[PDB]
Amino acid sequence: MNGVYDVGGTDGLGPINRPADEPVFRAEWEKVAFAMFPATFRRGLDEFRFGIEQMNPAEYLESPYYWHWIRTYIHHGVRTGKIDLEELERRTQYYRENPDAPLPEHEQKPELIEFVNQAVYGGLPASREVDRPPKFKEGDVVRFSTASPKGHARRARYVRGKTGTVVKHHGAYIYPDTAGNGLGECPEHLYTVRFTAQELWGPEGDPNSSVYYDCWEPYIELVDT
């Protein structure tokens, strides 16, 4: 989708706000939002992204980062009917008014801990084996598609229709244009492509700079080997 979230090359967002140091978690609520990433895929990572991309943009641009995770979880909850939105509003107000009230009693679950340690140190690899060989190879000159899907994809507006040089083939991976739209993994070959600053921005680009952007095979077509 052509969301404002796709901010690469956007002008006028202002200076960077960088404190000299900060903690990993700035508030206890951020730990709760974080723990919801692993609780989500236990919908995959791609669908998790798509729900952030459909946020209110003004909300997206200025909220604390982990609020994006709360939004994407509620987005999928109400859609799959697993989160009743009206109960959630009542609970919000309840905790607005009684912020120190306890959480609901629950059993701790050992398997959720083993899952956590497993995902963290073992990983959740997105690489997949496919039946077709790669179409492209190092040094091929390719053109990034000007398509503009309405659902989830990884086609930053600032590379669409630009021409780059294939730099590395990585194997095949989960394809976002199907995965993040609930249409399955449909694995595709993955490539790093190099775009000069001047191809990307015109004369306004730095004369000695390039951007490397990962492209899935359907994203690119041959111009020259």
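A residue's number is simply how far along the shown sequence it sits, counting from 1.
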query: Where residue 42 meets residue 43 in the shown sequence, the number of deposited residues left unmodelled; finding: 1 to 3
query: Comparing 21-29 with 206-214, the one whose average Cα B-factor in the PDB entry is higher; finding: 206-214
query: 194-202 or 52-60, whichever carries the higher mean Cα B-factor; finding: 194-202
query: Highest-ranked of 71, 79, 152, 155 once sorted by CA temperature factor in the record; finding: 79
query: Which of 101, 147, 113, 126 ranks first by CA B-factor in the deposited coordinates; finding: 101
query: Third of the chain, ranked by Cα B-factor, where residue 159 sits; finding: middle
query: Modelled-residue ranking by C-alpha temperature factor, third containing residue 15; finding: highest
query: Chain-relative CA temperature factor third for residue 37; finding: highest
query: Modelled-residue ranking by C-alpha temperature factor, third containing residue 4; finding: lowest
